[PDB]
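Visitor: File name protein_14.txt; file contents compact mmCIF, C-alpha atoms and all ligand atoms; full text below.
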```
# COMPACT_ATOMS: atom_id res chain seq x y z
CA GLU H 1 97.42 108.10 77.71
CA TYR H 2 99.04 111.01 79.63
CA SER H 3 100.04 114.62 78.97
CA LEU H 4 102.67 117.16 79.85
CA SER H 5 101.63 120.76 80.30
CA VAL H 6 103.15 124.08 81.15
CA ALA H 7 101.44 125.28 84.33
CA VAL H 8 101.45 128.70 86.01
CA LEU H 9 99.55 129.98 89.05
CA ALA H 10 95.81 130.38 88.57
CA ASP H 11 96.03 134.18 88.79
CA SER H 12 99.10 134.59 86.67
CA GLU H 13 99.09 137.24 83.97
CA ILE H 14 100.82 134.65 81.79
CA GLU H 15 98.50 133.51 79.01
CA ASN H 16 100.86 131.66 76.67
CA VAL H 17 104.29 130.00 76.52
CA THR H 18 105.83 132.64 74.24
CA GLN H 19 105.79 134.97 77.26
CA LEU H 20 108.20 132.65 79.05
CA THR H 21 111.99 132.27 78.91
CA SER H 22 112.41 129.36 81.30
CA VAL H 23 110.40 126.59 82.91
CA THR H 24 111.04 124.56 86.05
CA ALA H 25 111.09 120.80 85.58
CA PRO H 26 112.50 117.50 86.89
CA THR H 27 114.83 116.69 83.97
CA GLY H 28 116.76 114.40 86.32
CA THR H 29 113.94 111.80 86.41
CA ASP H 30 111.51 112.63 83.59
CA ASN H 31 113.88 114.00 81.00
CA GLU H 32 112.67 112.09 77.97
CA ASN H 33 109.10 113.38 78.33
CA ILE H 34 110.22 116.89 79.30
CA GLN H 35 112.50 117.26 76.28
CA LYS H 36 109.71 116.08 73.99
CA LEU H 37 107.44 118.83 75.30
CA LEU H 38 110.24 121.35 74.98
CA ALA H 39 110.97 120.30 71.38
CA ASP H 40 107.23 120.54 70.66
CA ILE H 41 107.04 124.10 72.01
CA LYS H 42 110.13 125.16 70.07
CA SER H 43 108.58 123.85 66.84
CA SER H 44 104.97 125.04 67.15
CA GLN H 45 105.60 128.32 68.97
CA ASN H 46 109.18 129.06 68.05
CA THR H 47 110.01 129.56 71.74
CA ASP H 48 113.15 128.02 73.27
CA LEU H 49 112.85 127.65 77.06
CA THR H 50 115.78 127.06 79.38
CA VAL H 51 115.13 124.49 82.12
CA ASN H 52 115.53 125.14 85.82
CA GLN H 53 115.92 121.60 87.11
CA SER H 54 113.79 120.60 90.12
CA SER H 55 114.32 117.43 92.14
CA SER H 56 110.75 116.25 91.40
CA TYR H 57 107.34 117.29 90.12
CA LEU H 58 106.31 117.93 93.73
CA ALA H 59 109.35 120.17 94.23
CA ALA H 60 108.47 122.07 91.03
CA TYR H 61 104.92 122.54 92.27
CA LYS H 62 106.25 123.84 95.60
CA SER H 63 108.53 126.30 93.79
CA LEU H 64 105.57 127.49 91.73
CA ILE H 65 103.22 128.12 94.69
CA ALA H 66 106.10 129.82 96.56
CA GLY H 67 106.62 132.28 93.68
CA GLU H 68 110.16 131.02 93.15
CA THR H 69 109.47 130.22 89.48
CA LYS H 70 106.84 131.61 87.09
CA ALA H 71 106.10 128.31 85.34
CA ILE H 72 106.59 124.56 85.62
CA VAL H 73 106.26 121.49 83.53
CA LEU H 74 103.67 119.05 84.92
CA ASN H 75 103.40 115.41 83.76
CA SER H 76 99.77 114.40 84.41
CA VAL H 77 100.74 111.07 86.02
CA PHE H 78 102.38 113.14 88.75
CA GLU H 79 99.39 115.36 89.44
CA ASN H 80 98.12 112.39 91.42
CA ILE H 81 101.40 112.31 93.38
CA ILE H 82 101.29 116.05 94.14
CA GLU H 83 97.67 115.54 95.24
CA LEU H 84 98.96 113.31 98.09
CA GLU H 85 100.49 116.31 99.90
CA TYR H 86 98.44 119.07 98.20
CA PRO H 87 94.87 117.88 97.68
CA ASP H 88 93.75 121.29 96.36
CA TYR H 89 96.56 121.61 93.83
CA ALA H 90 94.20 121.61 90.82
CA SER H 91 92.53 124.84 91.97
CA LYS H 92 95.87 126.59 92.42
CA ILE H 93 97.05 126.39 88.81
CA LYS H 94 96.17 126.92 85.21
CA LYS H 95 97.65 125.27 82.16
CA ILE H 96 98.81 127.37 79.19
CA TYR H 97 100.26 124.67 76.89
CA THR H 98 99.36 120.97 76.68
CA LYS H 99 100.92 118.05 74.77
CA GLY H 100 99.43 114.59 74.67
CA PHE H 101 101.58 111.48 74.93
CA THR H 102 100.91 107.79 74.60
CA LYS H 103 102.27 104.53 75.93
CA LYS H 104 100.93 101.00 75.96
CA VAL H 105 101.11 99.27 79.32
CA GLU H 106 102.61 95.80 79.73
CA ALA H 107 102.78 93.66 76.62
CA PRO H 108 101.78 90.18 77.76
CA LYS H 109 104.50 87.55 77.69
CA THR H 110 103.51 84.01 76.76
CA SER H 111 105.19 81.44 78.94
CA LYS H 112 107.07 78.78 76.99
CA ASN H 113 106.12 76.17 79.58
CA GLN H 114 103.42 74.87 81.88
CA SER H 115 103.60 77.77 84.30
CA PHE H 116 102.71 81.48 84.22
CA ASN H 117 102.27 84.38 86.64
CA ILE H 118 99.27 86.76 86.76
CA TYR H 119 99.38 89.93 88.82
CA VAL H 120 96.06 91.03 90.35
CA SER H 121 95.79 94.71 91.24
CA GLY H 122 92.82 95.93 93.24
CA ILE H 123 92.27 99.70 93.19
CA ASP H 124 90.96 101.79 96.05
CA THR H 125 88.02 103.42 94.27
CA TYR H 126 84.49 103.24 92.92
CA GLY H 127 83.59 104.31 89.40
CA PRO H 128 85.24 103.96 85.96
CA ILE H 129 88.20 101.63 85.89
CA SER H 130 90.40 104.25 84.26
CA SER H 131 90.30 106.33 87.49
CA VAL H 132 93.82 106.67 88.95
CA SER H 133 94.40 105.50 92.52
CA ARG H 134 96.76 103.53 94.67
CA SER H 135 96.69 99.74 94.41
CA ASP H 136 95.75 98.34 97.85
CA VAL H 137 95.45 94.73 96.65
CA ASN H 138 98.57 93.24 95.08
CA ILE H 139 98.37 89.51 94.62
CA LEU H 140 100.58 87.34 92.39
CA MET H 141 98.96 84.13 91.11
CA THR H 142 101.51 81.53 90.06
CA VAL H 143 99.79 78.84 88.00
CA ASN H 144 101.26 75.50 86.93
CA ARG H 145 98.93 73.84 84.44
CA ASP H 146 100.86 70.55 84.54
CA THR H 147 100.71 69.98 88.29
CA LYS H 148 97.39 71.78 88.55
CA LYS H 149 98.72 73.96 91.40
CA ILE H 150 98.15 77.63 92.06
CA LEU H 151 100.06 79.72 94.59
CA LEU H 152 98.70 83.10 95.75
CA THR H 153 101.40 85.39 96.97
CA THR H 154 100.08 88.48 98.77
CA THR H 155 102.31 91.51 99.26
CA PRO H 156 101.02 93.92 101.91
CA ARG H 157 99.91 97.35 100.59
CA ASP H 158 102.39 99.05 102.93
CA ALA H 159 105.40 96.88 101.90
CA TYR H 160 108.40 99.19 101.67
CA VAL H 161 110.04 98.35 98.35
CA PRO H 162 111.88 100.05 95.46
CA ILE H 163 109.10 101.36 93.18
CA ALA H 164 109.91 100.89 89.49
CA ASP H 165 109.47 103.36 86.63
CA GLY H 166 107.86 106.58 87.89
CA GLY H 167 108.97 105.62 91.43
CA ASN H 168 112.59 106.02 90.27
CA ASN H 169 113.48 102.74 92.00
CA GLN H 170 113.29 104.53 95.37
CA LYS H 171 111.70 102.90 98.40
CA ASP H 172 108.06 103.60 99.14
CA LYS H 173 104.89 101.76 100.06
CA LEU H 174 103.88 99.30 97.33
CA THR H 175 100.38 100.75 97.05
CA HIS H 176 101.83 103.98 95.64
CA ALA H 177 103.18 102.09 92.59
CA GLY H 178 99.57 101.90 91.47
CA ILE H 179 99.40 105.70 91.05
CA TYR H 180 102.33 105.62 88.58
CA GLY H 181 100.39 102.93 86.74
CA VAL H 182 99.92 99.19 86.49
CA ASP H 183 103.28 98.77 84.74
CA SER H 184 104.98 100.37 87.76
CA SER H 185 103.26 97.85 90.04
CA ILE H 186 104.18 94.96 87.74
CA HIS H 187 107.83 95.90 87.41
CA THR H 188 108.07 96.61 91.16
CA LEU H 189 106.91 93.07 91.96
CA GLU H 190 108.99 91.49 89.18
CA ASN H 191 112.06 93.11 90.73
CA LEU H 192 111.08 92.17 94.31
CA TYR H 193 110.41 88.49 93.59
CA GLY H 194 112.73 87.90 90.62
CA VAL H 195 110.05 86.50 88.28
CA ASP H 196 108.45 87.56 85.05
CA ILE H 197 104.82 88.54 85.37
CA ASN H 198 103.10 87.25 82.23
CA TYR H 199 99.76 89.03 82.61
CA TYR H 200 97.83 91.38 84.84
CA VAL H 201 94.24 92.09 85.80
CA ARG H 202 93.30 95.43 87.34
CA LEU H 203 89.97 96.04 88.95
CA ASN H 204 88.29 98.42 91.41
CA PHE H 205 85.41 98.24 93.87
CA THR H 206 82.84 98.72 91.13
CA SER H 207 84.51 95.99 89.04
CA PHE H 208 84.61 93.53 91.95
CA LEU H 209 80.91 93.97 92.88
CA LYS H 210 79.88 93.22 89.26
CA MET H 211 81.99 90.10 89.14
CA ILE H 212 80.69 88.54 92.35
CA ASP H 213 77.13 89.13 91.24
CA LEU H 214 77.64 87.64 87.77
CA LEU H 215 79.08 84.57 89.46
CA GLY H 216 76.12 84.15 91.79
CA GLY H 217 78.02 85.25 94.90
CA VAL H 218 80.86 83.20 96.39
CA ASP H 219 81.18 80.63 99.18
CA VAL H 220 83.95 80.72 101.77
CA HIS H 221 84.74 79.10 105.10
CA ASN H 222 85.21 81.73 107.76
CA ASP H 223 87.56 80.94 110.66
CA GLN H 224 86.88 83.92 112.92
CA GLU H 225 83.73 85.83 113.68
CA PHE H 226 84.00 89.44 112.56
CA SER H 227 82.06 92.39 111.24
CA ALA H 228 83.01 94.72 108.40
CA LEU H 229 82.38 98.32 107.25
CA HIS H 230 81.55 99.79 110.64
CA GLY H 231 79.23 96.94 111.58
CA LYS H 232 77.18 96.75 108.40
CA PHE H 233 78.01 93.10 107.79
CA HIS H 234 78.46 90.27 110.26
CA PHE H 235 80.32 87.06 109.45
CA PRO H 236 79.92 84.05 111.74
CA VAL H 237 82.33 81.16 111.97
CA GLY H 238 81.66 78.47 109.39
CA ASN H 239 80.47 78.27 105.82
CA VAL H 240 79.30 81.65 104.59
CA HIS H 241 77.70 82.63 101.32
CA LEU H 242 78.71 86.16 100.23
CA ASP H 243 76.68 88.32 97.88
CA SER H 244 78.49 91.20 96.21
CA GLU H 245 78.26 93.88 98.95
CA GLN H 246 79.02 91.29 101.66
CA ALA H 247 82.07 90.03 99.73
CA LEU H 248 83.39 93.56 99.35
CA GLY H 249 83.08 94.08 103.12
CA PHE H 250 84.70 90.69 103.71
CA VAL H 251 87.84 91.64 101.79
CA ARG H 252 88.13 95.21 103.17
CA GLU H 253 88.00 94.73 106.93
CA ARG H 254 91.29 94.81 108.84
CA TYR H 255 91.44 96.37 112.28
CA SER H 256 89.30 94.01 114.31
CA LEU H 257 90.82 90.86 112.87
CA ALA H 258 93.04 88.87 115.20
CA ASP H 259 96.01 89.32 112.86
CA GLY H 260 94.97 92.57 111.17
CA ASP H 261 96.26 93.10 107.61
CA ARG H 262 97.57 89.54 107.41
CA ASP H 263 94.10 88.15 108.16
CA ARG H 264 92.64 90.57 105.62
CA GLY H 265 95.14 89.18 103.14
CA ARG H 266 93.92 85.67 103.95
CA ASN H 267 90.32 86.76 103.51
CA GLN H 268 91.18 88.17 100.07
CA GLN H 269 92.78 84.81 99.23
CA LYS H 270 89.71 82.90 100.39
CA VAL H 271 87.58 85.02 98.07
CA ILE H 272 89.97 84.41 95.12
CA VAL H 273 89.76 80.67 95.68
CA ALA H 274 85.98 81.00 95.81
CA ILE H 275 85.86 83.05 92.57
CA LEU H 276 88.07 80.46 90.85
CA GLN H 277 85.66 77.73 91.94
CA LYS H 278 82.84 79.68 90.25
CA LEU H 279 84.83 80.55 87.12
CA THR H 280 85.74 76.90 86.57
CA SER H 281 82.17 75.66 86.83
CA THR H 282 80.96 74.07 83.61
CA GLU H 283 78.37 76.83 83.14
CA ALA H 284 80.90 79.68 83.57
CA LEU H 285 83.37 78.03 81.22
CA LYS H 286 80.74 77.40 78.55
CA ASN H 287 79.56 81.01 78.92
CA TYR H 288 82.96 82.69 79.19
CA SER H 289 82.21 85.11 76.29
CA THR H 290 79.20 86.45 78.20
CA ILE H 291 81.40 86.95 81.25
CA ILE H 292 84.06 88.72 79.12
CA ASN H 293 81.25 90.91 77.68
CA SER H 294 79.84 91.66 81.09
CA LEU H 295 83.14 92.69 82.72
CA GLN H 296 85.28 94.11 79.88
CA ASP H 297 84.45 97.75 80.56
CA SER H 298 85.27 97.54 84.28
CA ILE H 299 88.28 95.25 84.41
CA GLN H 300 91.57 95.93 82.64
CA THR H 301 93.73 93.04 81.53
CA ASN H 302 96.43 92.23 79.01
CA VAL H 303 95.50 88.52 78.89
CA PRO H 304 95.10 87.89 75.15
CA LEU H 305 91.73 86.67 73.91
CA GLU H 306 93.36 83.54 72.44
CA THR H 307 94.91 82.75 75.80
CA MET H 308 91.58 83.08 77.63
CA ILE H 309 90.05 80.75 75.02
CA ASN H 310 92.87 78.21 75.50
CA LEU H 311 92.66 78.30 79.30
CA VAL H 312 88.88 77.95 79.26
CA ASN H 313 88.71 75.18 76.74
CA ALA H 314 91.52 73.14 78.28
CA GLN H 315 89.65 73.26 81.57
CA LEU H 316 86.35 72.45 79.79
CA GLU H 317 87.78 69.30 78.30
CA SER H 318 90.06 67.93 80.99
CA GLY H 319 88.16 69.21 84.02
CA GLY H 320 89.96 68.56 87.30
CA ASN H 321 90.46 71.14 90.01
CA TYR H 322 93.45 73.28 90.89
CA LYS H 323 94.83 72.97 94.40
CA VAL H 324 95.48 76.46 95.80
CA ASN H 325 98.11 77.45 98.32
CA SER H 326 98.70 80.92 99.75
CA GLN H 327 101.50 82.90 101.34
CA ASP H 328 102.20 86.50 102.33
CA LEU H 329 105.37 88.55 102.57
CA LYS H 330 106.13 89.35 106.23
CA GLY H 331 107.65 92.46 107.77
CA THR H 332 107.81 95.00 110.60
CA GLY H 333 105.73 98.19 110.83
CA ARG H 334 107.70 101.44 111.00
CA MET H 335 106.85 105.17 111.04
CA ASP H 336 110.36 106.48 110.64
CA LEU H 337 111.18 105.54 107.04
CA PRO H 338 110.79 108.15 104.26
CA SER H 339 108.13 107.86 101.55
CA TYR H 340 109.58 108.80 98.19
CA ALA H 341 106.21 110.13 96.93
CA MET H 342 105.36 111.97 100.14
CA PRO H 343 108.68 113.19 101.53
CA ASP H 344 107.02 115.58 104.01
CA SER H 345 104.71 113.06 105.76
CA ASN H 346 105.41 110.37 108.34
CA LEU H 347 103.71 107.27 106.91
CA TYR H 348 103.36 103.76 108.24
CA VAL H 349 105.41 101.38 106.04
CA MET H 350 106.22 97.70 106.40
CA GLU H 351 109.93 97.00 106.37
CA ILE H 352 110.34 93.63 104.61
CA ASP H 353 111.67 90.65 106.56
CA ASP H 354 114.56 89.26 104.48
CA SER H 355 114.04 85.72 105.71
CA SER H 356 110.38 85.85 104.62
CA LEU H 357 111.36 87.27 101.22
CA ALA H 358 113.70 84.32 100.63
CA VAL H 359 111.00 81.81 101.58
CA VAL H 360 108.36 83.56 99.45
CA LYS H 361 110.66 83.65 96.40
CA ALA H 362 111.57 79.98 96.79
CA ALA H 363 107.89 79.00 96.97
CA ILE H 364 107.10 80.83 93.74
CA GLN H 365 110.00 78.99 92.06
CA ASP H 366 108.86 75.61 93.50
CA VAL H 367 105.36 76.00 92.14
CA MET H 368 106.59 77.19 88.73
CA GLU H 369 109.01 74.29 88.50
CA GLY H 370 106.63 71.57 89.68
CA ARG H 371 108.33 71.04 93.05
CA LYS H 372 106.47 70.37 96.31
CA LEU H 373 106.10 73.38 98.63
CA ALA H 374 108.36 73.51 101.69
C1 LIG C 401 88.52 88.84 83.82
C2 LIG C 401 89.09 87.51 84.19
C3 LIG C 401 90.51 87.39 84.67
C4 LIG C 401 88.34 86.41 84.09
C5 LIG C 401 86.91 86.51 83.61
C6 LIG C 401 86.71 85.67 82.36
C7 LIG C 401 86.84 84.18 82.62
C8 LIG C 401 85.68 83.27 82.41
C9 LIG C 401 88.00 83.65 83.04
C10 LIG C 401 88.04 82.17 83.27
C11 LIG C 401 89.46 81.67 83.49
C12 LIG C 401 89.36 80.19 83.74
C13 LIG C 401 88.01 79.56 83.90
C14 LIG C 401 90.45 79.42 83.83
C15 LIG C 401 91.83 80.00 83.68
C16 LIG C 401 92.82 78.86 83.88
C17 LIG C 401 92.56 78.27 85.24
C18 LIG C 401 91.65 77.08 85.38
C19 LIG C 401 93.14 78.84 86.31
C20 LIG C 401 94.03 80.03 86.07
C21 LIG C 401 93.37 81.29 86.61
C22 LIG C 401 93.77 82.45 85.72
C23 LIG C 401 94.99 82.31 84.86
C24 LIG C 401 93.06 83.58 85.71
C25 LIG C 401 91.84 83.70 86.58
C26 LIG C 401 91.89 84.94 87.46
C27 LIG C 401 90.77 84.77 88.46
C28 LIG C 401 89.76 83.70 88.24
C29 LIG C 401 90.65 85.54 89.55
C30 LIG C 401 91.61 86.64 89.88
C31 LIG C 401 91.12 87.30 91.17
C32 LIG C 401 90.12 88.37 90.82
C33 LIG C 401 89.66 88.53 89.40
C34 LIG C 401 89.66 89.22 91.76
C35 LIG C 401 90.07 89.16 93.20
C36 LIG C 401 90.34 90.59 93.67
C37 LIG C 401 90.10 90.75 95.14
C38 LIG C 401 90.19 89.58 96.08
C39 LIG C 401 89.81 91.95 95.67
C40 LIG C 401 89.68 93.22 94.87
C41 LIG C 401 89.00 94.21 95.82
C42 LIG C 401 89.35 95.64 95.48
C43 LIG C 401 89.10 96.18 94.12
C44 LIG C 401 89.88 96.47 96.38
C45 LIG C 401 90.18 96.05 97.79
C46 LIG C 401 90.87 97.23 98.46
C47 LIG C 401 90.93 96.97 99.95
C48 LIG C 401 90.98 95.58 100.50
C49 LIG C 401 90.93 97.98 100.81
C50 LIG C 401 90.88 99.43 100.40
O1 LIG C 401 89.80 99.97 101.16
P1 LIG C 401 89.99 100.70 102.59
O2 LIG C 401 91.15 100.03 103.29
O3 LIG C 401 90.24 102.15 102.20
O4 LIG C 401 88.67 100.42 103.25
```
As C-alpha cells, what does this structure read like?
Guide:
Amino acid sequence: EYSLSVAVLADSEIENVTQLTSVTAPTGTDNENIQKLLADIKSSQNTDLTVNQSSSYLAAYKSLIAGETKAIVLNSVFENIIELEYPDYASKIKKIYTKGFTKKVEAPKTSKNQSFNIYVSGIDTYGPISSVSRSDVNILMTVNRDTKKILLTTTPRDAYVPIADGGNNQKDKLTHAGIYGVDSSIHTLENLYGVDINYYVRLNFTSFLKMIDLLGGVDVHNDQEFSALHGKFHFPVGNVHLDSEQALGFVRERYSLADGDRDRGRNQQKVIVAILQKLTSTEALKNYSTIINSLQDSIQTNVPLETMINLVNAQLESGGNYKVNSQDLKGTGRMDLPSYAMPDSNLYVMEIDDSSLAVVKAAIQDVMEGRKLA
C-alpha cells in the first residue's frame, strides 16, 4: 500500500498535470514505479511528460523547493526519507495527481527441515502498527525444533550495512531499512548473514505493552543495577518481575549501562527469553487463539495460521523447553561515514567488525544444522 504523486510547491499556480510538460524524478532507482505513473497520466489525461532525472527523491524535493523544477514525482515511501532532513516537507507541497500502488510484503517460506529463522522488528513509535518508522530492534531468532535450541542474533540499530530494496544496496544504518519497509529490513539481514528469513514479526511500543500485559508480565534476572526512562523505573540486581511499562523501560535504556547498546541488546534478549517462557506455558498454548485475537491488530506477521497451530500443538504435546543462546554483531562507532538516506548529516554509524560477522554467521549455521556452538 503506497502511492506516487505529482507534487508542486504549496503556492504554485499549477492545479493539474495537463499544465505540465516535464516532471523531475529519480528514474535511476525507482524507474518501474515512475514509468507506471507516467503511463497512467498519459492514458487518463492524455499528457506525455518528459522526465528530468534526479539522483533521488530527496534531490528532487530539493530541486522543487529551490525553484529549479516546477514539479516532481514523489513515491510515498520516500516522504518518510525526505522527512529525515526536512521535517516540515509536508507543509511545503501540494499534490495534483495521485496513483495508488500495491505490493505484498514477504511471502513466508516454509523450511523443509527442522530449523527456521524469524526476524523480529521493533519499531520506534506508539500508536497504530501501520505507522512508518525506523526499526530500532532487529533480532533474528534461529530455531531448531530437533535439537530444541534457539539462537538470538542481535544486530545493532546503527550497524552500517548495505540496505536492500529502497536502500539501493547502499550503506546506511540498519534502522533506516525499517522506513523502506519490513521487506527491506528482511532482505538487508538475509544479505548480511547469508540465510533465508522464513518469517517476520513487526511490533511497536503499543504492541509490546499489550503483549507483556496479556502474558502476566515477565520475569528476568538482572545483572546490573540501573534505572530507565529518566529515572522512572529502577531495576535492582537479581530476579525482577516486569509489568508492561517496566518491561518497556527495561528494553529501552542504554546510556547508563556499563556496556551501553550491547547491554541494551542483552536486556532485549532477556525479555525475549522471558516472553518465550510465558508463551510456552500450558495455559498460553491452550489459549493461543485468544492471544492471536488479542494481538492481531497491533502486531504484523507473515507466520501462517497453520504454522502457528503446528508450533503450538507440537509444544503442547511434547513439552520440553528450548535452550536459548544469544549473540550480537560487533563493530566500531564512527561519525565520518555517509548515510545514504541522509547525505547531508553526520550520523553515528557502527562499522561492522569482519571477524565478528564471520563468527556470528557460523553460529547461525551451527544452530540451524544441529551443531554445538563454538
Ligand atoms: C505474535 C506471536 C509471534 C506470537 C503470539 C501467539 C503465540 C501464542 C505464539 C506461540 C508460539 C509458541 C508457543 C511456540 C512457537 C514454537 C516455539 C516453542 C518456539 C519458537 C518461537 C517462535 C517461532 C515464535 C515466537 C516469537 C516469540 C515468542 C517472541 C518474539 C519476540 C517478541 C514477540 C517481542 C520482543 C520484542 C522486544 C524485545 C522489544 C520490542 C520493543 C520495541 C517495539 C521497541 C524498542 C525500541 C528501542 C529499544 C528503543 C527506541 O527508543 P529510544 O531509543 O528512542 O528511547
Visitor: Distance table requested - chain H against ligand LIG 401 (chain C), cut-off 6 Å, all atoms listed in the file: one row per qualifying residue with the closest atom pair and its distance in Å to one decimal, ordered by chain and rising residue number, as JSON lines.
Guide:
```
{"residue": "H:122", "atom": "CA", "partner": "C:LIG401", "partner_atom": "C43", "distance": 3.8}
{"residue": "H:123", "atom": "CA", "partner": "C:LIG401", "partner_atom": "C43", "distance": 4.8}
{"residue": "H:124", "atom": "CA", "partner": "C:LIG401", "partner_atom": "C50", "distance": 4.9}
{"residue": "H:136", "atom": "CA", "partner": "C:LIG401", "partner_atom": "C46", "distance": 5.0}
{"residue": "H:137", "atom": "CA", "partner": "C:LIG401", "partner_atom": "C46", "distance": 5.5}
{"residue": "H:203", "atom": "CA", "partner": "C:LIG401", "partner_atom": "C43", "distance": 5.2}
{"residue": "H:204", "atom": "CA", "partner": "C:LIG401", "partner_atom": "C43", "distance": 3.6}
{"residue": "H:205", "atom": "CA", "partner": "C:LIG401", "partner_atom": "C43", "distance": 4.2}
{"residue": "H:208", "atom": "CA", "partner": "C:LIG401", "partner_atom": "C43", "distance": 5.6}
{"residue": "H:251", "atom": "CA", "partner": "C:LIG401", "partner_atom": "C48", "distance": 5.2}
{"residue": "H:252", "atom": "CA", "partner": "C:LIG401", "partner_atom": "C48", "distance": 3.9}
{"residue": "H:268", "atom": "CA", "partner": "C:LIG401", "partner_atom": "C38", "distance": 4.3}
{"residue": "H:271", "atom": "CA", "partner": "C:LIG401", "partner_atom": "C38", "distance": 5.6}
{"residue": "H:272", "atom": "CA", "partner": "C:LIG401", "partner_atom": "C31", "distance": 5.0}
{"residue": "H:275", "atom": "CA", "partner": "C:LIG401", "partner_atom": "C28", "distance": 5.9}
{"residue": "H:276", "atom": "CA", "partner": "C:LIG401", "partner_atom": "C28", "distance": 4.5}
{"residue": "H:279", "atom": "CA", "partner": "C:LIG401", "partner_atom": "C13", "distance": 4.6}
{"residue": "H:280", "atom": "CA", "partner": "C:LIG401", "partner_atom": "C13", "distance": 4.4}
{"residue": "H:285", "atom": "CA", "partner": "C:LIG401", "partner_atom": "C13", "distance": 5.6}
{"residue": "H:288", "atom": "CA", "partner": "C:LIG401", "partner_atom": "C8", "distance": 4.3}
{"residue": "H:291", "atom": "CA", "partner": "C:LIG401", "partner_atom": "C6", "distance": 5.6}
{"residue": "H:292", "atom": "CA", "partner": "C:LIG401", "partner_atom": "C6", "distance": 5.2}
{"residue": "H:311", "atom": "CA", "partner": "C:LIG401", "partner_atom": "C16", "distance": 4.6}
{"residue": "H:312", "atom": "CA", "partner": "C:LIG401", "partner_atom": "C13", "distance": 5.0}
{"residue": "H:315", "atom": "CA", "partner": "C:LIG401", "partner_atom": "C18", "distance": 5.8}
```
Visitor: Which is closest to residue 2 of chain H among H:75, H:53, H:43, H:301, if we use all atoms listed in the file?
Guide: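 Going through H:75, H:53, H:43, H:301 one by one, the smallest distance to residue 2 of chain H is for H:75.
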Visitor: Report, in Å with one decimal, the straight-line distance from atom CA of residue 265 of chain H to atom CA of residue 154 of chain H.
Guide: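 Straight-line distance from atom CA of residue 265 of chain H to atom CA of residue 154 of chain H works out to 6.6 Å.
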Visitor: Can you work out the spacing between atom CA of residue 85 of chain H and atom CA of residue 256 of chain H in Å, to one decimal?
Guide: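 Between these atoms lies a distance of 28.8 Å.
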Visitor: Would you mind telling me which residue in H:286, H:70, H:42, H:149 lies nearest to residue 323 of chain H when using only C-alpha atoms?
Guide: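 Closest residue, counting only C-alpha atoms: H:149.
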Visitor: Identify which of the residues H:332, H:244, H:346, H:339 lies closest to residue 81 of chain H, counting only C-alpha atoms when measuring atom-to-atom distances.
Guide: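 With only C-alpha atoms as the atom set, the closest residue is H:339.
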Visitor: Any idea what's packed within 8 Å of segment 17-34 of chain H, counting all atoms listed in the file, ignoring anything in its chain fewer than 6 positions away? Could you give it as a PyMOL selection string?
Guide: chain H and resi 4+6+41+45-57+60+69-74+96-97+168
Visitor: Pick from H:228, H:105, H:82, H:335: nearest to residue 254 of chain H, with all atoms listed in the file counted?
Guide: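 Result for the nearest residue to residue 254 of chain H: H:228.
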Visitor: Report the distance between atom CA of residue 225 of chain H and atom CA of residue 273 of chain H in Å, rounded to one decimal place.
Guide: 19.7 Å
Visitor: Could you pull segment 213-245 of chain H out of the structure just shown and give C-alpha atoms as a PDB file, in the first residue's frame?
Guide:
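Below you can see decode.pdb, which holds the result:
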```pdb
ATOM      1  CA  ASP H 213       0.296  -7.491  29.962  1.00  0.00           C
ATOM      2  CA  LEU H 214      -1.559 -10.366  28.300  1.00  0.00           C
ATOM      3  CA  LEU H 215       1.248 -12.650  29.432  1.00  0.00           C
ATOM      4  CA  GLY H 216       1.062 -11.501  33.041  1.00  0.00           C
ATOM      5  CA  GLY H 217       4.327  -9.560  32.917  1.00  0.00           C
ATOM      6  CA  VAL H 218       7.704 -11.265  32.500  1.00  0.00           C
ATOM      7  CA  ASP H 219      10.464 -12.437  34.856  1.00  0.00           C
ATOM      8  CA  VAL H 220      14.148 -11.761  34.225  1.00  0.00           C
ATOM      9  CA  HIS H 221      17.400 -11.937  36.140  1.00  0.00           C
ATOM     10  CA  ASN H 222      19.086  -8.571  36.189  1.00  0.00           C
ATOM     11  CA  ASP H 223      22.892  -8.468  36.387  1.00  0.00           C
ATOM     12  CA  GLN H 224      23.461  -4.751  36.907  1.00  0.00           C
ATOM     13  CA  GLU H 225      21.527  -2.161  38.843  1.00  0.00           C
ATOM     14  CA  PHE H 226      20.148   0.528  36.550  1.00  0.00           C
ATOM     15  CA  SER H 227      17.303   2.940  36.040  1.00  0.00           C
ATOM     16  CA  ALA H 228      15.397   3.648  32.836  1.00  0.00           C
ATOM     17  CA  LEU H 229      13.401   6.470  31.186  1.00  0.00           C
ATOM     18  CA  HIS H 230      14.993   9.356  33.054  1.00  0.00           C
ATOM     19  CA  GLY H 231      14.737   7.637  36.426  1.00  0.00           C
ATOM     20  CA  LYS H 232      11.122   6.499  36.253  1.00  0.00           C
ATOM     21  CA  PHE H 233      11.990   2.848  36.805  1.00  0.00           C
ATOM     22  CA  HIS H 234      14.652   1.295  38.985  1.00  0.00           C
ATOM     23  CA  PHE H 235      15.973  -2.234  38.497  1.00  0.00           C
ATOM     24  CA  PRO H 236      17.979  -3.872  41.279  1.00  0.00           C
ATOM     25  CA  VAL H 237      20.345  -6.780  40.828  1.00  0.00           C
ATOM     26  CA  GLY H 238      18.602 -10.135  40.998  1.00  0.00           C
ATOM     27  CA  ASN H 239      15.273 -11.607  39.989  1.00  0.00           C
ATOM     28  CA  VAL H 240      12.909  -8.904  38.779  1.00  0.00           C
ATOM     29  CA  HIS H 241       9.295  -9.124  37.745  1.00  0.00           C
ATOM     30  CA  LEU H 242       8.442  -6.628  34.965  1.00  0.00           C
ATOM     31  CA  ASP H 243       4.957  -5.333  34.282  1.00  0.00           C
ATOM     32  CA  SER H 244       4.352  -3.810  30.860  1.00  0.00           C
ATOM     33  CA  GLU H 245       5.621  -0.225  31.440  1.00  0.00           C
TER      34      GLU H 245
END
```
